[PDB]
Amino acid sequence: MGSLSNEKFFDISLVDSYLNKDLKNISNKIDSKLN
Amino acid sequence: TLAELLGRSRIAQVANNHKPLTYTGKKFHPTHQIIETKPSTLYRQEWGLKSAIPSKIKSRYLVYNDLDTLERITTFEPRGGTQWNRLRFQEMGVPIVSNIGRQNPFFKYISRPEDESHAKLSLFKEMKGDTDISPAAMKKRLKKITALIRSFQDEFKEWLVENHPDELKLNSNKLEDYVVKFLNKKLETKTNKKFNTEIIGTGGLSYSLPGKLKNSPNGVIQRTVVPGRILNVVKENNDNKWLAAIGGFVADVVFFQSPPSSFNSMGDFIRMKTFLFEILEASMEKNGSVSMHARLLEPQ
Amino acid sequence: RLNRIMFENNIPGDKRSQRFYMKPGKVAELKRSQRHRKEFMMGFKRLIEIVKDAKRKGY
Amino acid sequence: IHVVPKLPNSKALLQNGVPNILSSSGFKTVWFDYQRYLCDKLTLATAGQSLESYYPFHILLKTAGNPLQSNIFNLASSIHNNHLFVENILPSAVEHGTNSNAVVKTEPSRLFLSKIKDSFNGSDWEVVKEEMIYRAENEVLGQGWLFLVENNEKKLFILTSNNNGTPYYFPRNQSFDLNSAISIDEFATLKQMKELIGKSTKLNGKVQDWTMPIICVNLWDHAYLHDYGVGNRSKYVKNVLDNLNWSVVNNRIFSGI
Amino acid sequence: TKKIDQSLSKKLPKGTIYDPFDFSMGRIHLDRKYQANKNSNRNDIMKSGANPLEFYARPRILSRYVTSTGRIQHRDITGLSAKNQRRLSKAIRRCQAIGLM
Amino acid sequence: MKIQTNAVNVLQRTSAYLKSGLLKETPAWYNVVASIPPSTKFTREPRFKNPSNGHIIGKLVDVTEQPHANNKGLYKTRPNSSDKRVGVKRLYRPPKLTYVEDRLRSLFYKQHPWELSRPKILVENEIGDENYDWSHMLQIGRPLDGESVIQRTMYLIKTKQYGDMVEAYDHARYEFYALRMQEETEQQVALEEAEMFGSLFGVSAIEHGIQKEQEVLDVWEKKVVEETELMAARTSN
Amino acid sequence: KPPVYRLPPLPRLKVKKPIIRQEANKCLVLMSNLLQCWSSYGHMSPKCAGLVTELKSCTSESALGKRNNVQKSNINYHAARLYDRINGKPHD
Amino acid sequence: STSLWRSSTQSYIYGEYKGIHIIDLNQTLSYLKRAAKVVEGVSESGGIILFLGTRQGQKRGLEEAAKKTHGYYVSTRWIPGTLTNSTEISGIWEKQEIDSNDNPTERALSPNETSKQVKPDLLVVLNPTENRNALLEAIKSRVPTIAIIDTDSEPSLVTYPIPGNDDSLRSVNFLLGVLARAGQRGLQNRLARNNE
RNA sequence: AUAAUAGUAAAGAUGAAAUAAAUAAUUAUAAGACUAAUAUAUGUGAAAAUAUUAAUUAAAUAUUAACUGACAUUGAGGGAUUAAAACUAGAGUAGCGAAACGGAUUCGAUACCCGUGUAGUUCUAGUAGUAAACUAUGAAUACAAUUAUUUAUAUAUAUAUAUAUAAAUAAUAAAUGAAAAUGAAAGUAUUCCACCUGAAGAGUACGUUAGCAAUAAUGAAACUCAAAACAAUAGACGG
Ligand SMILES: [K+]
Ligand SMILES: [K+]
Ligand SMILES: [K+]
Ligand SMILES: [K+]
Ligand SMILES: [K+]
Ligand SMILES: [K+]
Ligand SMILES: [K+]
Ligand SMILES: [Mg+2]
Ligand SMILES: [Mg+2]
Ligand SMILES: [Mg+2]
Ligand SMILES: [Mg+2]
Ligand SMILES: [Mg+2]
Ligand SMILES: [Mg+2]
Ligand SMILES: [Mg+2]
Ligand SMILES: [Mg+2]
Ligand SMILES: [Mg+2]
Ligand SMILES: [Mg+2]
Ligand SMILES: [Mg+2]
Ligand SMILES: [Mg+2]
Ligand SMILES: [Mg+2]
Ligand SMILES: [Mg+2]
């Protein structure tokens, strides 16, 4: 999963995607797809 | 070339084996390939091995580990007795049946994913089937795999947001399901333990198909009667059945109602006498043993 | 049974060895020689087993 | 590998068959095809085992007492029996291929006709042939073999076998068909045979039998159907016994010189 | 007498194959000679890959490698590797100094 | 042991005896040995290829031949310590012969342990006569056994009918099961048919085993009794 | 893994005092049982009748019964015969 | 076994397999042909060929090889000194004179001719590792020798080595048979030239 | 060792002996020294040394990556460390134990054995720099035929073995050697240092330097002799 993981104890992938505009550019992408 | 010929030679055909020739544990199946020499070759100590077998050996069957050793001898035992166990099983004409009603392993059946619904049970069996693995080679299954699985992150970071985006925004109960399937789907192409060393079916003990009746001059045989021996004079402790020695196999004997009085009389010498038994069924366990169930037919 | 415990814990041997003082150099020499004899006996028994096995097979 | 033996005057046999018994097609079935069929199956059964280095006659004796080697015994017995039949019905045992010999008049010897009278209460050879034809029709319902055998007492007698029954070893003669009903006299013979086999002390449970065949007739469908047809096997046995090669049959009787 | 000592009779397990020799005295003697504690490895923590020095506060596990009087067993008896024997002995000596063993 | 000189120079030492006159008559072997000189080099010879798998011996992969990054993600820019050690010994050590078929053979007998109980004859007849067509498993001249499966698997992978060795192996295994089942039935039926026509057998396999077990169990009875009487007396002490 | 210990070259391979098993005399054990039978059930008790009869037969001709009263070990003969073959010594 | 390797045989080894060294049969064939030609030459020249083999079971092969080459054999024990101390060991035994057809001339031999050493012209040794004495005597006596050289055997001790398994009676009898027939052909070619 | 407790009449020692409310048992207290098994000094350390536990500080391994670019080897003089004994000063002193005084043994016994036991053995701060300080074998580099056994790293998989490459040890080929033997050196070569030139006199004398001292280092000659020494062989002899 990496950034898109459900684990309470996540890895640095999540923190990297945050600072790299990936967890945000994917949340908007998913929401835009839902639209 | 000489190398090509050697690979196909009869000595090459025997698979490498270093298992103890003197084993005192539990024996469930043959461990060494029986070697046989003809009478003419035996007269000349010729067995097709590297060196002549000592003339003291009068048997025509042996089992060996090494063609030669640092002690300048062949490591062999002049015995071939597992063949008589197989041939005695054939004479009892009891087909081996699955107690779980599984498909016949010797037929190419069209199977489906009925049992594949346990993808998370067996995909993790590769890392969890490590009962007897080294403390660090098993630990190499953690970093080596992590990198391989971590190389599919981009593929699963796009497929999951294109095939099941709702789960990524609602719950991971289904996401975990898509993960187990993803790896297996991307692993079926891979070759992890592509060769399975588990025993296939009977292991070669019997190739008889159930169903056939035994015609005899006295009519069709309905119950198979086989001479045997009772080993213990007291039922197996914690078990409601005694043990018998029938045709090179140890079976569990169930008595009609009572135990014959020769038991108490004979005592610990009960094995000195031969009784007649009926072989109810024969099953195969995963350890490679045969579970033979018998019945002490007593003159009545 | 009690005697077996004494001999498996070397109680009688230790008591006798503590009656008189031995110089460290002599102690080391005796420990080296005893180990050699123990290992030598193990090598001897291994060779006798090979002989018996070889005899049984007709060599 | 067991190979089909080469027969004398094989070119004639593949063109004109065996005169007065079988045609060219009939002989190709009984020998060139069936003997190939048997030898190949024997090779597949015995290759890789000690039996591969033994001739079929020795194989049947070695395996006669082993219940689970009956398949090998059957193949060895049939192969030996078939070449015993093809040998005494053959125009000439000597190879007159380059001598173009067309005069082979072989007649029963005096030792054979003397043992026939002694063993059959003065019956003539012609009468014994009728008994042989009768025995085949009433004792061999299906496949089998008809033999004229000699025992250790110098007496010639008639033995019939069902399927592949050896004449040499009485425990495997297969002369009684137990699929049908048997009389108390036949059961007595079987019971007495079982007792003899139980008196042997050998760990292989084998007995001594010195019976030897003198004449062999193949009663299998591979030998007569194509030329005679279902139901005409008695006409086939009559022709075989009337056109036997007596140079071979006479040599099978021990003289002692 | 209808009784025999257990040392004079062999009990053939269930599901195993046997030869006629398995009923002889030679089998009895042969089984005694080749009777080694080879099943210990699967039950021997110190032969599994764990570091014996992590058990210095668990006297119960350490007490499996000392005699009745507390004498550390020689490597010939424990069957451990040189490193594990070295580490195990250190663990036991440390355990003794802490007041647990 | 030192390389001997006097065994291969018998002709030259003999010629000195004849030229001087110490030996009057030429030996019968003298002319024969002169025409067929002995080999007298006794040298160690290098080898540059494993004959079994064709692996090249004595080849060093230079850093120029490894331009791409490794499994660790690093480029190789200099020779490593192993590359800088002379490897002359590998040229002279007899190569270890290996075969893919050996791996399948070990698998087959691990999957079918009882195939080991079928006796195998290691004595060869004539390797040069084997004319086998491995399009089919059965062959005239050899038994049906594990080797039949392995050779069939190799033919399938050699003809490229199957790509993966596992798939070819499984295909061969089923052909082996079919042939094994036809033979198990031919033997059972042959025994049944013979008994139905009056065939009699002295001792069966089951009976043979019972008799052998009795012989052993009788000696065991005596010893047990003897050793259960020495114990009783010795324990009385 | 079990440590193999290899000996240096030796002038001989010999057992100083080979252990030979010596079976017990059947008459002595018969006497040892009869003596015990008398210790429990009493001397001349009818319970020891069979013991007395057996002892008399065992000792009738020789008080220790006829026995194979000889046994020697051959380990040293074989050890000396096979040592050079099995010692694993390097070639000369 | 590779553990028993005598590294002086390195050039004869094809490889190792199943814990043993595999001898290169291409070299065995070339060495065998050369050795066979030597036996044929000596036989055709009328020389004395002795076949020495002291391993159990070799007698039958050794006796027939001697018979078909009109040679000699020793299967029981090589007496140390048979060649170097021949007068103390073999002087008492009887000699005979023969013609070019190998038929006894029947001429009585002077005591001078019956005490002279009768040295073999060629020595064939089946098991050289157990016959060092004979090989060294052959060297001292300038007698060419042929022997089967296994991977643990010293090649330089013999004039014409034949690399090959010396432990199997089949391998030994196969190599001995080839050498014996080569001798037979030499003998037949010598008897034929006398006729014509 | 001291005290208590009950309990007693011998205890202790030796080849046998004799010299100096106990001994034994159960408690309590004090003191000094030592470190059972594991254990192979395996390993570690330059050597000397180093094995009850923990902690702090310092040093030490393999592979890979990058970097420096011959910066190396050896090493006169010099420097540092260096067992046991010994000495200086101050503490300590259970046990052991030169000496001394006694008891025995013996023809005698300045001994071996026993008792009482001082210096010493322990710690702190120093002096001194000697041992069969030994592998009686200086250090470095290149190289040469095998096996076995461990260890380490790596590789593979049909997962627990298998395959590799080093190190250690054992037995060897070759080679070397007076041989015993050495065996990766006591082999094949190269480089640097130390040292030797018949025995005895002598590691002495004298001088010098250093030390609180004992001593340590350096280190001769005359006279006399045709000896003297090593390995191995066959004997003889051995409480
Ligand atoms: K050390
Ligand atoms: K530069
Ligand atoms: K410098
Ligand atoms: K200096
Ligand atoms: K003190
Ligand atoms: K030393
Ligand atoms: K130096
Ligand atoms: Mg050999
Ligand atoms: Mg006290
Ligand atoms: Mg300690
Ligand atoms: Mg060390
Ligand atoms: Mg320096
Ligand atoms: Mg002081
Ligand atoms: Mg004193
Ligand atoms: Mg100082
Ligand atoms: Mg001094
Ligand atoms: Mg000095
Ligand atoms: Mg020292
Ligand atoms: Mg340095
Ligand atoms: Mg001085
Ligand atoms: Mg000396």
Side-chain angles (χ1 to χ4, degrees), chain B residues 15-16 18 70 126 129-134 137-138 140-141 191-198, chain C residues 9-11 14-15 17-18 20-21 23-25 28 31-32 34-36 38-39 43, chain E residues 56 65-67 69-78 80-83 85-99, chain F residues 1-3 44 70 72-78 80-82 85-90 92-93 96 98 102-108 110-111 165-166 169, chain G residues 1 3-9 87-92, chain H residues 1-10 152 154:
Chain B
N16 290 336
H18 294 113
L70 174 59
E126 306 169 8
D130 292 343
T131 61
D132 292 346
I133 310 298
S134 200
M138 193 198 157
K140 198 172 190 186
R141 313 166 171 258
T191 55
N192 306 1
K193 289 182 177 180
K194 203 71 181 181
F195 281 122
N196 183 25
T197 61
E198 286 180 15
Chain C
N9 298 251
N10 193 43
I11 309 305
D14 288 351
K15 189 65 178 180
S17 66
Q18 290 176 16
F20 301 103
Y21 177 86
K23 302 216 306 207
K31 173 188 259 288
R32 188 168 305 274
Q34 284 177 0
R35 184 55 186 177
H36 169 75
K38 179 172 174 189
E39 290 181 345
Chain E
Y56 80 91
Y65 304 88
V66 301
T67 66
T69 67
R71 285 167 57 91
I72 297 159
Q73 295 183 304
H74 199 274
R75 186 190 173 198
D76 290 350
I77 293 159
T78 70
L80 300 172
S81 64
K83 169 166 71 190
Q85 179 74 9
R86 179 171 68 253
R87 291 172 160 194
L88 169 62
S89 62
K90 168 63 72 171
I92 290 164
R93 292 195 306 273
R94 182 191 289 178
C95 200
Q96 291 167 1
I98 294 170
Chain F
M1 167 170 181
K2 185 158 187 176
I3 300 181
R44 315 296 179 88
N70 63 5
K72 174 175 182 198
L74 289 179
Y75 298 102
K76 187 179 188 167
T77 69
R78 33 176 60 92
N80 65 39
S81 55
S82 70
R85 293 186 181 84
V86 172
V88 59
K89 291 205 171 193
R90 268 158 285 189
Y92 290 101
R93 188 172 300 100
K96 289 180 173 59
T98 63
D102 291 329
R103 311 288 66 79
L104 296 172
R105 286 160 183 160
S106 167
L107 178 68
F108 181 91
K110 254 178 288 178
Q111 294 179 352
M165 189 142 82
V166 189
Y169 175 64
Chain G
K1 291 181 178 179
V4 164
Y5 284 105
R6 209 157 285 270
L7 292 175
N87 55 32
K89 68 192 305 178
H91 72 72
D92 64 357
Chain H
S1 180
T2 64
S3 305
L4 301 168
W5 187 34
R6 179 187 295 275
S7 52
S8 69
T9 65
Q10 184 270 353
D152 75 321
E154 174 54 52

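Within every chain, numbering begins at 1; the chains are lettered A, B, ... in the order of the sequence lines, protein sequences first and strands thereafter.
Across every strand in view, I/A36 sits unpaired, with no contact that passes the Watson-Crick or G-U test at under 3.5 angstrom. Nucleotide I/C71 has no partner under the Watson-Crick or G-U criteria, as no pair reaches both atom distances under 3.5 Å. Nucleotide I/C123: paired with I/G90 (Watson-Crick or G-U wobble, both distances less than 3.5 Å). Nucleotide I/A189 forms a pair with I/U141, judged by Watson-Crick or G-U wobble geometry with both contacts under 3.5 Å. When Watson-Crick and G-U wobble pairs are counted only if both distances are under 3.5 Å, I/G211 pairs with no nucleotide at all. When both distances must be under 3.5 Å, the Watson-Crick or G-U wobble mate of I/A170 is I/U147. Here I/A229 sits opposite no nucleotide as a Watson-Crick or G-U wobble pair (both hydrogen-bonding atom distances under 3.5 Å). Remark: I/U163 base-pairs with I/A154; criterion is Watson-Crick or G-U wobble with both hydrogen-bond distances under 3.5 Å.
When atom types are taken as modelled, the side chain of H/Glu154 and the backbone of H/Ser8 share no donor-acceptor pair closer than 3.5 angstrom. Side-chain N or O atoms of C/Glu39 include none that pairs as donor or acceptor with a backbone N or O of G/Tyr5 at under 3.5 Å.
Nearest heavy-atom pair, C/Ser17 versus C/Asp14, reported as atom, atom and distance to 0.1 Å: OG-O, 2.7 Å.
Atom CZ in C/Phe20 sits roughly 10 Å away from atom P in I/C113 (whole-Å rounding). I/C96 atom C1' lies 15 Å from atom NZ of C/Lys23, rounded to whole Å. Rounded to whole angstrom, the span from the NZ atom of G/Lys89 across to the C1' atom of I/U146 amounts to 16 Å. In this entry the distance linking CG of G/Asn87 with P of I/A171 reads 14 Å, nearest Å.
Among the atoms of the strands shown, only primed sugar atoms or phosphate atoms (P, OP1, OP2) are found under 4.0 Å from some heavy atom of H/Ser3. Backbone-only contact: F/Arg44 has heavy atoms under 4.0 Å from sugar-phosphate atoms and none from a base. At the heavy-atom level, F/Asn80 lies under 4.0 Å from the strands shown only through sugar-phosphate atoms. Using a 4.0 Å heavy-atom cutoff across all strands shown, F/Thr77 reaches sugar-phosphate atoms only and no base atom. Residue C/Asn10 is out of contact with every strand shown, counting any heavy-atom pair closer than 4.0 Å. Counting non-hydrogen atoms under 4.0 angstrom, F/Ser81 reaches the backbone sugars and phosphates but no base. Note on F/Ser106: nothing from the nucleic acid sits closer than 4.0 angstrom, heavy atoms only.
No Watson-Crick or G-U wobble pair links I/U74 with I/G45 when both atom distances must be under 3.5 Å.
A cation-pi arrangement is present between E/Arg94 and E/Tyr56, with the terminal nitrogen or guanidinium carbon under 6.0 Å from the aromatic centre and inside a 45° cone about the axis.
Taking a cutoff of 4.0 Å between a charged side-chain nitrogen and a carboxylate oxygen, B/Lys140 and B/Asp130 do not qualify as a salt bridge.
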Letter by letter from the 5' end, nucleotides 31-43 of chain I scores (B base, S sugar-phosphate only, - none; protein heavy atoms under 4.0 Å) -----BBBBSSS-

Quick tally for nucleotides 154-166 of chain I: nucleotides whose base has a protein heavy atom under 4.0 Å get B, sugar-phosphate-only ones S, the rest -, giving -S--BBS--SSS-

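Using P as the reference atom, I/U63 and I/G79 are 39 Å apart when rounded to the nearest Å.
Applying the salt bridge (charged side-chain N to carboxylate O under 4.0 Å, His left out) rule to B/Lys193 yields no partners; only residues at least two apart in sequence or on another chain are considered. By the salt bridge (charged side-chain N to carboxylate O under 4.0 Å, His left out) test, H/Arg6 pairs with G/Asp92, sequence neighbours left out. The side-chain hydrogen bond (donor to acceptor under 3.5 Å, both in side chains) search around B/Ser134 returns none, not counting sequence neighbours.
Taking 90° from 0 as the syn/anti boundary, the base of I/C71 is oriented syn.
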Between protein and nucleic acid, restricted to nucleotides 175-178 of chain I and to nitrogen or oxygen atoms under 3.5 Å apart, what atom pairs and distances do you find?
| unit_1 | atom_1 | unit_2 | atom_2 | d |
| --- | --- | --- | --- | --- |
| I/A175 | OP1 | F/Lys2 | NZ | 2.8 |

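Heavy-atom nearest nucleotides on RNA chain I were determined for G/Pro8 and for H/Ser7, and the one closer to the 5' end corresponds to H/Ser7.
The six-membered rings of I/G207 and its strand neighbour I/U208 lie with centres under 5.5 Å apart and planes within less than 30°, so the two bases count as stacked. Remark: bases of strand neighbours I/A70 and I/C71 are unstacked by the 5.5 Å centre distance and 30° plane angle definition.
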